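A.B. asks: With the input below, show me the fold.
(one chain, ligands or ions: 1)
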Amino acid sequence: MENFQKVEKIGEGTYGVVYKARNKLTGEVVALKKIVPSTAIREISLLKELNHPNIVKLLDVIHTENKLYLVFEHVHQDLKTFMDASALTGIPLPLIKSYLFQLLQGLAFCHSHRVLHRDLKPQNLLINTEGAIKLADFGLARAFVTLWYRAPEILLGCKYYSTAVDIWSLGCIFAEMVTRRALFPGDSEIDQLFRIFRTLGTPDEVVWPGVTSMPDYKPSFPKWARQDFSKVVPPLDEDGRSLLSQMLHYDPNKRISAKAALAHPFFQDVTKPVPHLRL
Ligand SMILES: O=C(Nc1ccccn1)Nc1cccc2c1[C@H]1CCCN1C2=O
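C.D. replies: Numbering: from 1, shown residues only. And now the structure:
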């Protein structure tokens, strides 16, 4: 719109292009997402009221000339760029633990309001100079291609997934921060499923009741044995490995909720360290 001066392209998701921009009427720098179904307008208005320290604030919604723009608060850097900048030494454990803890508080808040993210990835986790991290793009999937973070139930064709899909994605991110390598970098839906099966074991009715009756399950899937987590995420300690194994349970009903994960022994010594970032 005319009240906004675009400074540059921040990025672009499936739902649209994002720009860093200046709001001439306030002078504030903002993240402007250019995306209209009445249903959408409604759902979005709801997201506007959801306020929490670990969620990127939706400042305003501009439905104009039959176009839809979302104006969000701007946050200094994304987690992916910080991970790449830290690949030689890795992110310090105390910061990994602070970031996971905060992300769980945000997810717990969202989940209590029945809002799922559905597409968590490093690119949409934003960090500031003060040690905080925030979830961006939450609620949009509902409102309106890396498969690395997708829960198995989505890959198997389940249409009514729950809050548990977000815990799965967070577990994959947790592992990636620790080892500095993506946990399941599949390049197609089937390759993704198979990379998951090769590490966690092909699922069956014992570990996942109902799995064989999922829309895309095939009796012909290969049968791989489960690997030990000590091999998958060294040097994560045993408390960290136990929390991770619970976030990665195959059955969505057995997967740990964001709320219960906040009381896990892993977080007993959390602190809030300030990162070493270059903007
Ligand atoms: O504030 C932001 N900063 C930033 C910095 C570097 C890279 C990306 N973003 N970004 C920001 C803020 C609100 C919403 C969105 C974003 C970007 C991140 C990926 C997709 N986008 C969104 O939908």
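A.B. asks: Got the phi and psi for residue 131?
C.D. replies: phi 100, psi 0 (degrees, to the nearest 10).
A.B. asks: Please tell me how far it sits from the ligand.
C.D. replies: 16 Å (C-beta to the nearest ligand atom, to the nearest Å). Every residue, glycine included, has its C-beta placed from N, CA and C.
A.B. asks: burial measure for that residue, as a count.
C.D. replies: Residue neighbour count, defined by other C-beta atoms under 10 Å, stands at 15 for residue 131.
A.B. asks: same check, this time on residue 79
C.D. replies: So residue 79, with other C-beta under 10 Å, has 22 neighbours.
A.B. asks: tell me which residues form a beta bridge with the closest residue to it other than its chain neighbours?
C.D. replies: Leaving aside its chain neighbours, residue 79 sits nearest to residue 125 (4.0 Å; criterion: C-beta to C-beta, 6 or more residues apart in numbering). Counting by DSSP bridges, residue 125 forms beta bridges with residue 135.
A.B. asks: ok, now residue 12?
C.D. replies: residue 17.
A.B. asks: That one is in contact with residue 18, isn't it?
C.D. replies: Yes - in terms of C-beta atoms under 8 Å, residue 12 counts as a neighbour of residue 18; the distance is 6.0 Å.
A.B. asks: So for those two, which residue has more residues nearby?
C.D. replies: Using other C-beta under 10 Å, the more surrounded residue of residue 12 and residue 18 is residue 18, with 20 against 12.
A.B. asks: That one reaches residue 8, doesn't it?
C.D. replies: No - assessed by C-beta under 8 Å, residue 18 is found out of contact with residue 8, at 10.2 Å.
A.B. asks: Show me which residues of the stretch 1-150 of the chain sit near the ligand.
C.D. replies: Residues of the stretch 1-150 of the chain lying close to the ligand by C-beta under 6 Å from any ligand atom are 10-11, 13, 18, 31, 33, 56, 72, 74-75, 77-78, 123-124, 126, 136-137.
A.B. asks: related to what we said a few turns ago, the residue nearest to residue 79: what's it in contact with?
C.D. replies: 78-80, 99, 103, 133-136, 173 (C-beta atoms under 8 Å, 6 or more residues apart in numbering).
A.B. asks: for stretch 258-265, the distance to its chain's centre please.
C.D. replies: 17 Å (C-alpha atoms, centre = their mean, to the nearest Å).
A.B. asks: Let me see the ranges of the helices in the stretch 1-150 of the chain.
C.D. replies: Applying DSSP state H, counting those that start in this stretch to the stretch 1-150 of the chain gives helices spanning 38-49, 79-85, 93-112, 140-143.
A.B. asks: what's next to the next helix or strand along the chain from the last one, contact-wise?
C.D. replies: Going back to what we said before, that points to helix 140-143. If you walk from helix 140-143 toward the C-terminus, the next helix or strand you reach (DSSP states H and E) is helix 152-155. With contacts defined as C-beta under 8 Å, 6+ apart, helix 152-155 is touched by 147, 161, 164-165, 168, 189, 192-193, 196, 203, 214, 216, 250, 252.
A.B. asks: what's the answer for stretch 101-109, then?
C.D. replies: With contact meaning C-beta under 8 Å, 6+ apart, stretch 101-109 is reached by 50, 52-55, 117, 125, 132-135, 163, 166-167, 170, 173, 257-259, 261-262, 267, 270.
A.B. asks: Filter these down to the buried ones, PyMOL style.
C.D. replies: In PyMOL syntax, the buried subset of the contacts of stretch 101-109 is picked out as below (16 or more other C-beta atoms under 10 Å):
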select buried, resi 52+54+55+117+125+132+133+134+135+163+166+167+170+173+257+258+261+267
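A.B. asks: thought residue 31 was touching residue 9?
C.D. replies: No - proximity of residue 31 to residue 9 does not meet the contact threshold set by C-beta under 8 Å, at 11.0 Å.
A.B. asks: Need the residues touching each of residue 18 and residue 8.
C.D. replies: In contact with both residue 18 and residue 8: no residue, using C-beta under 8 Å, 6+ apart.
A.B. asks: rewinding a little: and residue 31 and residue 9? which has more neighbours close in?
C.D. replies: Shown here are residue 31 and residue 9; by other C-beta under 10 Å, residue 31 has more neighbours (22 against 10).
A.B. asks: Perfect, I'm done here.
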